[PDB]
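S.K.: Provided herewith is a single structure, encoded as structure tokens, for subsequent inquiry.
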Amino acid sequence: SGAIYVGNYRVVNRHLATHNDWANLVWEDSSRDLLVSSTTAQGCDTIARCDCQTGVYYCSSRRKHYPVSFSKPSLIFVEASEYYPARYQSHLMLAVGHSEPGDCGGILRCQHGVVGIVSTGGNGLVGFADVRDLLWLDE
Ligand SMILES: Cn1ncc2ccc(CN3C[C@@H](C(N)=O)CCC3=O)cc21
Ligand SMILES: [Zn+2]
């Protein structure tokens with residue numbers, strides 16, 4: 001689990017969105033595994049606006065942060081799970097590192113701020129849903 005709080009927005013993995021997230025929906029995209037809902041309280045996470053390919057992510061299944069090199073956001077095939085059939089997930093970045101399904105929502109950050117959240121993995125590869133292109137999160 002995990003979310004990003006920026007301004008009057010909350011960003012979460014779409015497959016983990018709650019009834020309240022859907023009742024206050026701003027935007028969702030199944031192909032990216034993202035959903036953004038509105039909040040009353042003001043969030044103060046900073047979103048990175050860059051093309052970094054190195055950063056640190058939080059791994060709840062190890063209670064540890066790990067530095068990684070990651071690919072640029074791209075369309076990657078993702079095997080079926082109980083939340084989606086087999087499909088291409090867009091805006092996804094992979095890195096070599098540990099993750100388990102419950103690790104979704106862990107944040108990946110570079111020196112410029114939040115880059116994305118854990119969304120896929122397996123076979124020693126962790127995948128992050130990018131949020132750097134959602135410029136509207138800052139207004
Ligand atoms: C985060 N992670 N680390 C290992 C691993 C193995 C399997 C999965 C399967 N999966 C894929 C997600 C998607 N974005 O399509 C939806 C939720 C989910 O359980 C995730 C995994
Ligand atoms: Zn950066």
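Going through the structure tokens in order, the chains are called A, B, and so on, while each chain numbers its residues from 1 and the ligands are numbered from 1 in the order shown.
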What residues of the protein or nucleic acid chains come within 10 Å of ligand 1 when you use only C-alpha atoms and all ligand atoms? Reply as an MDAnalysis selection string.

M.R.: chainID A and resid 13:16 30:34 59 61 77:90 92 97:106 117:129

S.K.: Take the selection from the previous step and output its residues with C-alpha atoms, as a short mmCIF file (atom, residue, chain, number, x, y, z; two decimals), in the first residue's frame.

M.R.:
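Below is the file part_30.cif, written as the result:
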```cif
data_model
loop_
_atom_site.label_atom_id
_atom_site.label_comp_id
_atom_site.auth_asym_id
_atom_site.auth_seq_id
_atom_site.Cartn_x
_atom_site.Cartn_y
_atom_site.Cartn_z
CA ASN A 13 -2.49 2.40 -7.54
CA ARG A 14 -5.86 2.15 -9.36
CA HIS A 15 -6.28 -1.52 -8.21
CA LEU A 16 -6.03 -0.44 -4.56
CA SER A 30 -6.43 1.40 -16.21
CA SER A 31 -3.55 1.11 -18.69
CA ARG A 32 -1.24 2.97 -16.22
CA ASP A 33 -2.62 1.37 -12.94
CA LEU A 34 -3.16 4.94 -11.60
CA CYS A 59 10.10 -1.79 -0.17
CA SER A 61 8.26 -6.39 2.30
CA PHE A 77 3.71 -6.42 -21.20
CA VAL A 78 2.40 -7.35 -17.68
CA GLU A 79 1.22 -10.88 -16.88
CA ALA A 80 -2.37 -11.38 -15.64
CA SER A 81 -3.17 -11.00 -11.90
CA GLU A 82 -6.52 -11.10 -10.01
CA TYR A 83 -6.90 -7.30 -10.79
CA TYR A 84 -6.19 -7.23 -14.57
CA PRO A 85 -6.00 -9.65 -17.49
CA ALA A 86 -2.59 -9.93 -19.33
CA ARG A 87 -2.00 -6.54 -21.04
CA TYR A 88 0.50 -3.79 -21.89
CA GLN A 89 0.84 -1.30 -19.05
CA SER A 90 1.95 2.14 -20.22
CA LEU A 92 6.00 1.85 -16.64
CA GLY A 97 15.25 -5.25 -7.25
CA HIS A 98 12.92 -6.99 -4.86
CA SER A 99 9.15 -6.51 -4.71
CA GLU A 100 6.00 -8.45 -3.79
CA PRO A 101 2.34 -7.55 -4.68
CA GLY A 102 1.77 -5.84 -1.27
CA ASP A 103 4.68 -3.50 -2.04
CA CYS A 104 2.45 -1.56 -4.52
CA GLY A 105 2.31 2.12 -3.58
CA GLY A 106 5.87 2.38 -2.28
CA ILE A 117 4.99 4.28 -7.22
CA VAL A 118 5.54 0.51 -7.19
CA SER A 119 2.95 -1.17 -9.50
CA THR A 120 4.38 -4.44 -10.98
CA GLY A 121 7.15 -6.97 -10.45
CA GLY A 122 8.38 -10.55 -10.27
CA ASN A 123 11.53 -12.43 -11.44
CA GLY A 124 13.74 -9.92 -9.53
CA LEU A 125 12.41 -6.92 -11.48
CA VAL A 126 10.28 -4.15 -9.86
CA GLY A 127 8.08 -1.86 -12.02
CA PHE A 128 7.06 1.72 -11.15
CA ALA A 129 4.14 3.67 -12.50
#
```

S.K.: Once you count only C-alpha atoms and all ligand atoms, which residues end up within 6 Å of ligand 2, and could you hand them over as a PyMOL selection string?

M.R.: chain A and resi 48+50-52+110-112

S.K.: What lies within 8 Å of residue A:26 using only C-alpha atoms, ignoring chain neighbours under 6 positions off, as a list in words?

M.R.: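 In the requested format, the answer is residues 35, 36, 37 and 38 of chain A.
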
S.K.: Here is a test: counting only C-alpha atoms, which residue of A:47, A:41, A:115, A:107 is nearest to residue A:72?

M.R.: A:115

S.K.: Between atom CA of residue A:60 and atom CA of residue A:132, what is the distance, to one decimal in Å?

M.R.: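 Pair atom CA of residue A:60 / atom CA of residue A:132 returns 22.6 Å.
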
S.K.: Could you give me, as an mmCIF file with N, CA and C atoms, in the first residue's frame, the residues within 8 Å of residue A:68, counting only C-alpha atoms and dropping anything in the same chain fewer than 5 positions from it?

M.R.:
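File selection.cif, as written:
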```cif
data_model
loop_
_atom_site.group_PDB
_atom_site.id
_atom_site.type_symbol
_atom_site.label_atom_id
_atom_site.label_comp_id
_atom_site.auth_asym_id
_atom_site.auth_seq_id
_atom_site.Cartn_x
_atom_site.Cartn_y
_atom_site.Cartn_z
ATOM 1 N N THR A 54 17.970 7.190 -11.980
ATOM 2 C CA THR A 54 18.476 6.618 -10.735
ATOM 3 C C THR A 54 17.642 7.240 -9.594
ATOM 4 N N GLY A 55 17.388 6.434 -8.572
ATOM 5 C CA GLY A 55 16.619 6.930 -7.430
ATOM 6 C C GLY A 55 16.531 5.900 -6.334
ATOM 7 N N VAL A 56 15.645 6.127 -5.363
ATOM 8 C CA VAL A 56 15.529 5.202 -4.208
ATOM 9 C C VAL A 56 14.064 4.852 -4.039
ATOM 10 N N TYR A 57 13.764 3.566 -3.767
ATOM 11 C CA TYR A 57 12.350 3.214 -3.542
ATOM 12 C C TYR A 57 12.141 2.555 -2.216
ATOM 13 N N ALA A 95 13.245 -1.779 -12.821
ATOM 14 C CA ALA A 95 14.562 -1.808 -12.192
ATOM 15 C C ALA A 95 14.810 -3.216 -11.667
ATOM 16 N N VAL A 96 16.068 -3.575 -11.428
ATOM 17 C CA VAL A 96 16.403 -4.840 -10.830
ATOM 18 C C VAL A 96 16.285 -4.623 -9.337
ATOM 19 N N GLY A 97 15.430 -5.392 -8.699
ATOM 20 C CA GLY A 97 15.245 -5.252 -7.255
ATOM 21 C C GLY A 97 14.083 -6.078 -6.758
#
```

S.K.: Atom CA of residue A:17 and atom CA of residue A:116 are how many Å apart?

M.R.: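 Taking atom CA of residue A:17 and atom CA of residue A:116, their separation equals 16.0 Å.
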
S.K.: Tell me, in Å to one decimal, how far atom CA of residue A:43 is from atom CA of residue A:114.

M.R.: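 Atom-to-atom, atom CA of residue A:43 to atom CA of residue A:114, that is 12.9 Å.
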
S.K.: Using only C-alpha atoms, determine which residues lie at most 8 Å from residue A:58, disregarding the query and same-chain residues fewer than 5 positions distant; provide the list as an NGL selection string.

M.R.: :A and (63-66 or 106-108)

S.K.: Quick one: pick out all strand (DSSP E) residues within chain A from a backbone DSSP run and write them as a PyMOL selection string.

M.R.: chain A and resi 4-13+25-29+34-44+54-59+64-69+74-78+87-96+107-110+113-122+125-130

S.K.: Under the rule that only C-alpha atoms are counted, which of A:6, A:11, A:1, A:130 is the nearest residue to residue A:46?

M.R.: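 Between A:6, A:11, A:1, A:130, the residue approaching residue A:46 most closely is A:6.
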
S.K.: List as a PyMOL selection string the protein and nucleic acid residues near residue A:44, meaning an atom at most 12 Å away when only C-alpha atoms are counted, but skip any in the same chain fewer than 6 places from it.

M.R.: chain A and resi 4-10+113-114+137-138

S.K.: Output C-alpha atoms for every residue in the selection just made, as a short mmCIF file (atom, residue, chain, number, x, y, z; two decimals), in the first residue's frame.

M.R.:
```cif
data_model
loop_
_atom_site.label_atom_id
_atom_site.label_comp_id
_atom_site.auth_asym_id
_atom_site.auth_seq_id
_atom_site.Cartn_x
_atom_site.Cartn_y
_atom_site.Cartn_z
CA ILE A 4 1.34 10.41 -2.96
CA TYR A 5 -0.22 13.59 -1.55
CA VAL A 6 0.31 16.77 -3.58
CA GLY A 7 -1.90 19.86 -3.35
CA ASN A 8 -5.58 18.78 -3.19
CA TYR A 9 -4.79 15.38 -4.82
CA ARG A 10 -4.09 11.80 -3.66
CA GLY A 113 11.25 14.55 -5.77
CA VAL A 114 8.68 11.82 -6.31
CA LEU A 137 -0.87 17.57 -10.17
CA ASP A 138 0.93 20.92 -9.32
#
```
